[PDB]
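Next up: just one chain, as structure tokens, the form deposited in one PDB entry.
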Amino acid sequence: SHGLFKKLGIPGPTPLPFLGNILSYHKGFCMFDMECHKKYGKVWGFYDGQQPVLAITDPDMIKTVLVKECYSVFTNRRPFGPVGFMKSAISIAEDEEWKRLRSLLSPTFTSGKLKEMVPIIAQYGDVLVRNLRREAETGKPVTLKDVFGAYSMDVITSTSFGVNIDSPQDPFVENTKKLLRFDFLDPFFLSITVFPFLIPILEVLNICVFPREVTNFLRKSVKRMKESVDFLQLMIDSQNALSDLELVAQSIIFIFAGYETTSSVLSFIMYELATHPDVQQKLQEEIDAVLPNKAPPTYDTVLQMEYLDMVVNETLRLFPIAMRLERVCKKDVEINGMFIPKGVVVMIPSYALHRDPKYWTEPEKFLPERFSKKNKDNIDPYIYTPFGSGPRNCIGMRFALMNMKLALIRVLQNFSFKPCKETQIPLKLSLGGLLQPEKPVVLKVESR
């Protein structure tokens, strides 16, 4: 099965038996994709154990996989297990079950439902400032991942359920951060890749990848938040063909994503603003112009800030927390002049494309001017895909971009951030699996 890419004439690194190319992951997904992007050109193929993975970089071919032939051929991502009851999650469900859940949960983030969340999110924006001011009055470096994580839990549990949780040591944030950490050193998610044919054994044994008492803590809490329109209400009205188990599976996804993804990116943004004060000061000047006298940000004033979008768009380029986009070829096809057999996982190296010298001038440097309306037209929509593309992109794309900018406005209105010497400069990404910094981001907070 390791002679597939040799048959199709597609270049790639020589795979070892059983393992394939998984030993090259010692530097991580990101560094492995960038090396292969320079060695083999635009399209290459490697093996994740016995699973052939075809990497594509052509925007037209990326468009065909994610958009055009999505509902027909490239509908599902790479199979993940053992999951148990989490198989009904929209990010794990396949084919027919995904179509019914994609349309069911789509009205959650419309232009109207998002405008309803602005007065609700604005409450915790003051608790974020009032908690930062306690560690700001005094000269104590703030772990932004921590402070940012508590704010991300209140927003997702009030805009999706309507429950106030975080005020410190919160059981939701404590369990959500332990929900899943794909560590290739951890001998569980590793052997799943090399030996994917033992997943059927663990499913009939009621084994799961997510901790038991972390799922139970989230399974009984949704049953607790269900006592008699938001994300929760949109599903109970369709239940009265959801069940008492698929409803919990979607809440686990929304709570983890709304917490972990929002907090890590905001820490990535504040690092770049602290390492580039000319960008931070210029961004602080725009916030004071659209919102004078520290005016509360509304729904419309957020979409007006051009430079605030140019900074978030540039950070998501340097740190695409998804790293890769994957679609499973469900039947033999020939897209854009290339035959792709059934069973091959088509992969879009999002991290490798976001730093391509063929597309970006000085890609390693932080320059938010890449997304200015003068230079925005030079960006291909299939090379810069921080939220994916096609009918199966990020469902909370418009929600996350608003929720992060709602925090960046209220924080920069009152505080400026400086390095703390103990700040990791330059920031080392975790050479592990998920995209994160090695050392937690720490900065000095100075009130204005």
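Position 1 is the first residue in the sequence shown; the rest follow in order. Here, rigid core means the biggest group of C-alpha atoms that superpose within 1.5 Å across both forms.
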Counting only other entries that model residues on either side, is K140 absent from the coordinates in at least a third? no
Counting only other entries that model residues on either side of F182, is it left out in at least a third? yes
Relative to the deposited sequence, how many residues with no modelled coordinates occur between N240 and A241 (none, 1 to 3, 4 to 9, 10 or more)? 4 to 9
Between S167 and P168, how many deposited residues lack coordinates (none, 1 to 3, 4 to 9, 10 or more)? 1 to 3
Mean B factor on CA atoms, stretches 79 to 87 and 168 to 176, record says higher is 168 to 176
Taking the recorded C-alpha temperature factors, which stretch has the higher mean, 340 to 348 or 372 to 380? 372 to 380
The residue of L316, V127, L325, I252 with the maximal C-alpha B-factor according to the PDB record is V127
Top Cα B factor in the deposited entry, candidates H354, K358, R219, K365: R219
Could you place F188 in the lowest, middle or highest third of its chain by Cα temperature factor, using the values in the record? highest
Would you mind checking where the Cα B-factor of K223 ranks among the modelled residues of its chain, as the lowest, middle or highest third? highest
Using the B-factors in the PDB entry, rank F415's C-alpha atom against the chain and give the third, lowest, middle or highest. highest
What third of the chain, by the recorded C-alpha B-factor, contains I409? highest
Sorting by Cα B-factor within the chain, modelled residues only, which third would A257 end up in: lowest, middle or highest? middle
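Keep in mind the form deposited in another entry is missing from the figure; the text below concerns it.
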If I align on the rigid core, exactly one of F210, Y299, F366, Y71 should have its C-alpha move by 2 Å or more between the shown form and the other one; which residue is that? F210
Do you see a C-alpha shift of 2 Å or more at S267 between the shown form and the other one, with the core held fixed? no
Has the Cα of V222 moved 2 Å or more between the shown form and the other one, judged after a core fit? yes
Exceeds or equals 2 Å, Cα of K177 between the shown form and the other one, core fit: yes
Explain in one word, closer or farther, how the Cα atoms of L185 and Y47 are placed in the other form relative to this form, where the distance changes by 3 Å or more. closer
Distance flag for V173 and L316 (Cα, change 3 Å or more) in the other form: the two residues are farther
